[PDB]
Amino acid sequence: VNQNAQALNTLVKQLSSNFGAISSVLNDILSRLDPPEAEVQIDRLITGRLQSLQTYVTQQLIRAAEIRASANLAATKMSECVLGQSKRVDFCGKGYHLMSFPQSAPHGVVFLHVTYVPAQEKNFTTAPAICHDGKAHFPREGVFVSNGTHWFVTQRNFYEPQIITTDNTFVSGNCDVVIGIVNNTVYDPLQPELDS
Amino acid sequence: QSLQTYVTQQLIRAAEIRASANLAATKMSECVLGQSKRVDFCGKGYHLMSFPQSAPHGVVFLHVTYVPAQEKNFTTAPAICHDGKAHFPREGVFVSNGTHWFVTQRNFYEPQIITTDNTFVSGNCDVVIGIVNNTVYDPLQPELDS
Amino acid sequence: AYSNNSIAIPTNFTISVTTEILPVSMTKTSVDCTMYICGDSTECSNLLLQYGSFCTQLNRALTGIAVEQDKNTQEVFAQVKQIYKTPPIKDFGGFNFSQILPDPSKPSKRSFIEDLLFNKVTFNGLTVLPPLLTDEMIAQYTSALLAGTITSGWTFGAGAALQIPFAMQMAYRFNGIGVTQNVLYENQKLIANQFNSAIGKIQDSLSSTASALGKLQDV
Amino acid sequence: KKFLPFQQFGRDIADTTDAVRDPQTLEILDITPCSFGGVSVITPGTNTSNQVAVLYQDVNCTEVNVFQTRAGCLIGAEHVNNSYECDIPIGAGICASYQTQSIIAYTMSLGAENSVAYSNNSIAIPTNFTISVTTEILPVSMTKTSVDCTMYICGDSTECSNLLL
Ligand SMILES: *[C@@H]1O[C@H](CO)[C@@H](O[C@@H]2O[C@H](CO)[C@@H](O)[C@H](O)[C@H]2NC(C)=O)[C@H](O)[C@H]1NC(C)=O
Ligand SMILES: *[C@@H]1O[C@H](CO)[C@@H](O[C@@H]2O[C@H](CO)[C@@H](O)[C@H](O)[C@H]2NC(C)=O)[C@H](O)[C@H]1NC(C)=O
Ligand SMILES: *[C@@H]1O[C@H](CO)[C@@H](O[C@@H]2O[C@H](CO)[C@@H](O)[C@H](O)[C@H]2NC(C)=O)[C@H](O)[C@H]1NC(C)=O
Ligand SMILES: *[C@@H]1O[C@H](CO)[C@@H](O[C@@H]2O[C@H](CO)[C@@H](O)[C@H](O)[C@H]2NC(C)=O)[C@H](O)[C@H]1NC(C)=O
Ligand SMILES: *[C@@H]1O[C@H](CO)[C@@H](O[C@@H]2O[C@H](CO)[C@@H](O)[C@H](O)[C@H]2NC(C)=O)[C@H](O)[C@H]1NC(C)=O
Ligand SMILES: *[C@@H]1O[C@H](CO)[C@@H](O[C@@H]2O[C@H](CO)[C@@H](O)[C@H](O)[C@H]2NC(C)=O)[C@H](O)[C@H]1NC(C)=O
Ligand SMILES: *[C@@H]1O[C@H](CO)[C@@H](O[C@@H]2O[C@H](CO)[C@@H](O)[C@H](O)[C@H]2NC(C)=O)[C@H](O)[C@H]1NC(C)=O
Ligand SMILES: *[C@@H]1O[C@H](CO)[C@@H](O)[C@H](O)[C@H]1NC(C)=O
Ligand SMILES: *[C@@H]1O[C@H](CO)[C@@H](O)[C@H](O)[C@H]1NC(C)=O
Ligand SMILES: *[C@@H]1O[C@H](CO)[C@@H](O)[C@H](O)[C@H]1NC(C)=O
Ligand SMILES: *[C@@H]1O[C@H](CO)[C@@H](O)[C@H](O)[C@H]1NC(C)=O
Ligand SMILES: *[C@@H]1O[C@H](CO)[C@@H](O)[C@H](O)[C@H]1NC(C)=O
Ligand SMILES: *[C@@H]1O[C@H](CO)[C@@H](O)[C@H](O)[C@H]1NC(C)=O
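- As recorded in the PDB header, cryo-EM is the method behind this entry, and the stated resolution is 3.6 Å.

**Concerning the overall build of chain C**
Then, number 1: Looking only at helices and strands, one finds 10 helices and 4 strands in chain C.
Then, number 2: When the helices and strands of chain C are listed from N to C terminus, the series reads β-β-α-α-α-β-α-β-α-α-α-α-α-α.
Then, number 3: With respect to the principal axes defined by its C-alpha atoms, chain C has extents near 85 × 50 × 35 Å.
Then, number 4: Put simply, chain C has 219 residues, and 53% of those count as buried.

**Focus: the interface of chain C and chain B**
Then, number 1: Across the boundary between the two partners, chain C contributes 77 residues, which contact 68 residues of chain B.
Then, number 2: Contact between chain C and chain B buries roughly 6,600 Å² in total, counting both sides, with carbon and sulfur atoms accounting for 65%.
Then, number 3: Between the two partners, chain C and chain B, sit 2 salt bridges.
Then, number 4: Here B:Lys27 makes a salt bridge to C:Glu20, at a shortest N to O gap of 2.7 Å.
Then, number 5: Connecting chain C to chain B are 29 residue pairs in polar contact.
Then, number 6: Tallying contributions element by element places strand β1 (residues 6-23) of chain C first for the side of chain C that touches chain B, with 18 residues.

**Comments concerning the pattern of salt bridges**
Then, number 1: Tallied over the full model, the rule gives 14 salt bridges over all chains.
Then, number 2: The salt bridge involving D:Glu136 is made with A:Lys77; its shortest N-O contact spans 3.6 Å. In this pair, D:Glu136 is assigned in strand β14 (residues 129-139) and A:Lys77 in helix α3 (residues 35-81), connecting two distinct chains.
Then, number 3: Residue D:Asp18 is joined to D:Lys1 by a salt bridge in which the shortest nitrogen-to-oxygen separation is 3.0 Å. Here D:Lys1 lies in the segment before β1 (9-11) and D:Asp18 lies in strand β2 (residues 17-21), a separation of 17 residues in the sequence.
Then, number 4: Judged by relative accessible area, which is 25%, D:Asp18 ranks as partly exposed.
Then, number 5: Residue D:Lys1 is classed as exposed on the basis of its relative accessible area, which comes to 59%.

**Quick word on the UniProt feature "disulfide bond" in chain B**
Residues and elements named next belong to chain B.
Then, number 1: For the UniProt disulfide linking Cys31 and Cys42, the S-S separation comes out at 2.0 Å, below the 2.5 Å cut-off, so the bridge is there in this model. Taken together, the residues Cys31 in helix α1 (residues 2-32) and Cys42 in the loop between α1 and β1 (46-55) connect sequence positions 11 residues apart. There is no split in this pair, since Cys31 and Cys42 are both buried.
Then, number 2: Measuring from sulfur to sulfur, the annotated disulfide partners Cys81 and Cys125 are 2.0 Å apart, close enough to count as bonded by the 2.5 Å criterion. In this pair, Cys81 sits in strand β3 (residues 80-81) while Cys125 sits in the loop between β8 (119-124) and β9 (132-133), placing the two residues 44 residues apart along the sequence.

**So, the sheet that holds strand β1 (residues 96-105) of chain A**
Then, number 1: Reading across from one edge, β1(A)-β2(A)-β14(D) is the order of the 3 strands in this open sheet, with antiparallel pairing throughout. Since the sheet does not close on itself, it has two edges, and those belong to β1 of chain A together with β14 of chain D, each with one partner. Between one strand axis and the next, the sheet turns through 20° on average, direction left out of account.
Then, number 2: Relative to strand β2 (residues 108-118) of chain A, β1(A) runs antiparallel, the two sharing 9 bridges. Looking at β2(A), one finds that A:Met99 is bridged to A:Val114.
Then, number 3: Docked against the sheet, α3(A) engages β1 and β2 of chain A together with β14 of chain D, running at close to 145° with respect to β14(D).

**Examining the pairing of strand β5 (residues 53-57) of chain D**
Residues and elements named next belong to chain D.
Then, number 1: Of all 5 residues in β5, 4 are buried; the element is thus mostly enclosed.
Then, number 2: When strand β4 (residues 39-42) meets β5, the two strands line up antiparallel, connected through 4 bridges. Bridging across to β5, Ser40 finds its partner in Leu55.
Then, number 3: Two elements, β5 and strand β7 (residues 72-75), share 4 bridges in a ladder whose sense is antiparallel. Note on β7: the bridge partner recorded for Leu55 is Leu74.

**Considerations on the nonpolar core**
Then, number 1: If you look at the biggest cluster of nonpolar residues, it comprises 60 residues, and the most contacted ones within it are B:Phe51, B:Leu62, B:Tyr66, C:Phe97, C:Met170 and C:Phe174.
Then, number 2: The greatest single-element share of this core, amounting to 7 residues, is contributed by helix α9 (residues 188-208) of chain C.
Then, number 3: Dropping the residues within four chain positions of it, C:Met170 is found in contact with B:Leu48, B:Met49, C:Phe95, C:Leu184 and C:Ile191.
Then, number 4: One finds A:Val89, C:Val76, C:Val80 and C:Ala144 within the second-largest nonpolar core, a separate group that totals 29 residues.

Cut-off values and rules
Residues numbered from 1 in each chain as written, not as in the entry; some residues may be left out. Chains lettered and ligands numbered in written order. Part of a larger assembly, values for the part shown. Heavy atoms only, no water. Helix = DSSP H or I, 4+ residues; strand = E, 2+ residues; numbered from the N terminus. Buried < 20%, exposed > 50% of the residue type's maximum accessible area, 1.4 Å probe, protein only. Contact = heavy atoms within 4.5 Å. Buried area = accessible area lost by both parts, 1.4 Å probe. Salt bridge = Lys/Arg side-chain N within 4 Å of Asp/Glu carboxyl O. Polar contact = N/O pair within 3.5 Å; in protein donor to acceptor, adjacent residues only side chain to side chain. Disulfide = S-S within 2.5 Å. UniProt positions renumbered as here; feature names shortened; annotations may be inferred. Pairing = 2+ DSSP bridges. Axes fitted to C-alpha atoms, helices over the stretch in contact; angles between N-to-C directions. Core = buried A, V, L, I, M, F, W, Y, C linked by side-chain atoms within 4.5 Å.

Next up, the structure:
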């Protein structure tokens, strides 16, 4: 709003400027000089005034190719991030994105991005894989953590530990191959149900 | 007139560079502080991670990409039959080595025996085009019987 | 080799490193029109002032550009709230980041590869202003983003930074591209050796190819 | 400058004179411009204070409570060895600010330092989360100006219009 008021005020002010002419007031070239002389003065005010507008218009065009890039990015944020949910990092605020609500402002859009930020946290010891019967086990929907005395598996973005099982893990190869693999015991919920 | 020309060239140039700055900020937000599923946006291959490096007036990214580099032809099928019910992978794809059928993850050849844990069921062998006959192993029956 | 029944599947992979080069700013030129047009003359200045606001607005225009070259270099590099740093011991699973992490021995805070990037790029009321951020304040932000990346993956973008072992961050990476993490661990020495080999080819390609930064030299 | 015997003066690429042969004494002289730069006024804002500090751009302090920056010679601002967030920017890592009072100058703080607790076997995991609403504001539209060119140039004047055509 300032630049689009300032270029107007600048372009109005260039009506007072002389541009090398006898005066900037158009009636006071005409009501003073005869037409053979008055045309050589007014050709100055016309060349001045015209170079004024061509520079003002070049600025409003370069400015429009800037508000345009802003409006395309406001359209792309409203598409991917009001009408959706975004997996793009930092594209819709610092956070992981949940949703957003667009608000109107004079000559603009004002998103309210709603983002899930990881808050309070704890350290853990952790393992790439675990042994149990020479076979190596890897998580299914999380990562392995030791609280200090017990191994668990948890989801990578919120601490909620669970018993390590063949429901919570999958297998490949053997413990000779995986660097940093730990010995631990995996519970199988089928075994109490096959003993019963 | 030789100044308003140069200041115009630079006000234009400045939008051509601000486009490259906004593109660098948008690469760095996503390609570095995240991981890019956006294809080719972060170098040919699939995106693992990228490393920002300073340069004179600019930025250089080193993009680390996983590229499939050896490959083998396998026969495949959209589903398998076993109970007249139809079986589809939960994750990955069916492949035959020419004598045995296996299920494997889409992006790395690692064949596994086909099971009710590697697959799920919907419908039947009548509706699915191109389904074939196989022998789904069930990990529960040896353990029920023993 | 298409058919209704043939598929091709990867039996092996290469990790590959690629270089992507972007301009971020122009050199911050600024001009005094009065000294350019009317160099050493108050008689010429008394004539030039009749043209009014053309004298001023050329300089407002170049001020808007000059200030924006720092707005660019902030949004591109200063994305991180904190200067993150690596430990002195380099237990990154075999992945040898020593060529791309900072070298403390040298006066500017840059890496081995950034020092090639500085080697491969080069009176009349006219002036060149300085950048707001020095080349070593840029090298501190590329180090902070790179040290956050090697030690904490995406998590320092999402909120507070959370450490993870590097080869276990790469399990998150391989799951992000549909390859299950047992493929990483069953090949970790190969993946690190391919990555180290690739970074070594970035040194040799930038060292030998004098034209490599053409996207920056032309700006 | 190794001038030819017939050469009286040398010119720069801007066609202004670079050098001359003195017509009384047999010697070759350079001409250099008198030293010049922008004058920039670091202002704490009139509602807070009416001090200012002045940056004489590009000059060495010699030709002008003083400080040589890589940006020029800064006068009326007090150098400080600490670092803070950049309150008013200057250049080459320097910023200024107004502090409990005087205008001070220093290298700006990039951000709080944080060496990371990394090891081959340890992870941090968030136990709680924080739902934060962040505003983001973007321009959509300019004002829809149009100019009546001929009333701007020639308002109330047919005798102007007859030239403008
Ligand atoms: C690690 O987690 C386990 C499970 O929460 C903790 O073990 C339990 O501790 C409580 C007392 O706080 C006992 O009543 C339970 O019987 C324990 N369960 C088992 C399976 O032993 C363990 O204390 C935690 N470790 C630490 C260092 O806090
Ligand atoms: C996990 O447990 C196994 C045993 O179940 C450990 O195997 C031992 O390894 C050492 C070194 O090779 C041998 O001297 C022992 O004879 C092995 N024990 C058995 C029963 O064979 C294995 O080292 C343990 N791994 C970890 C990381 O604790
Ligand atoms: C398809 O793969 C299977 C193995 O997954 C191959 O069958 C095995 O062949 C070896 C070598 O003759 C035998 O020791 C195993 O006992 C076989 N296992 C089974 C389940 O039969 C089979 O040979 C492969 N076919 C081709 C064409 O490569
Ligand atoms: C899978 O096996 C079944 C038998 O278990 C096949 O069913 C046969 O289908 C043909 C064609 O309609 C009939 O003439 C046969 O009488 C059916 N067999 C039986 C035992 O009823 C089925 O065609 C096989 N599918 C494939 C893809 O090979
Ligand atoms: C996948 O390809 C890599 C090469 O890109 C293989 O690794 C090489 O193996 C040969 C012997 O066959 C050695 O001479 C090389 O030194 C190895 N290179 C590296 C960097 O270690 C790898 O064995 C292949 N894997 C499979 C399963 O085929
Ligand atoms: C990372 O790569 C560098 C090379 O860029 C290795 O540095 C060399 O190390 C050997 C000893 O192993 C020295 O004799 C060489 O003089 C070093 N060369 C350079 C250019 O510094 C380094 O050892 C590697 N680090 C790891 C952890 O593998
Ligand atoms: C996560 O942190 C919030 C605070 O940000 C905890 O909520 C507060 O709990 C205390 C008592 O422990 C109350 O006095 C506050 O009024 C609560 N604030 C709110 C907004 O609820 C919350 O309990 C923590 N969650 C977990 C799982 O630890
Ligand atoms: C994690 O461990 C480091 C020391 O290695 C300690 O500074 C940090 O405060 C710990 N953080 C948590 C949340 O346990
Ligand atoms: C982890 O680092 C410690 C300390 O140097 C070392 O003793 C241990 O063998 C390492 N383990 C792995 C799996 O890298
Ligand atoms: C594949 O195409 C062949 C003809 O080339 C046909 O005989 C076969 O039945 C088709 N199979 C499927 C699953 O489309
Ligand atoms: C700044 O302006 C407000 C009025 O807008 C005034 O109340 C306040 O006193 C001023 N600040 C100082 C430091 O005086
Ligand atoms: C500025 O002047 C000092 C003398 O006080 C001199 O030592 C220094 O080299 C000069 N610097 C420049 C850039 O001219
Ligand atoms: C800044 O610190 C250095 C020592 O590192 C000292 O020589 C210099 O005088 C100090 N300047 C001020 C303003 O304290």
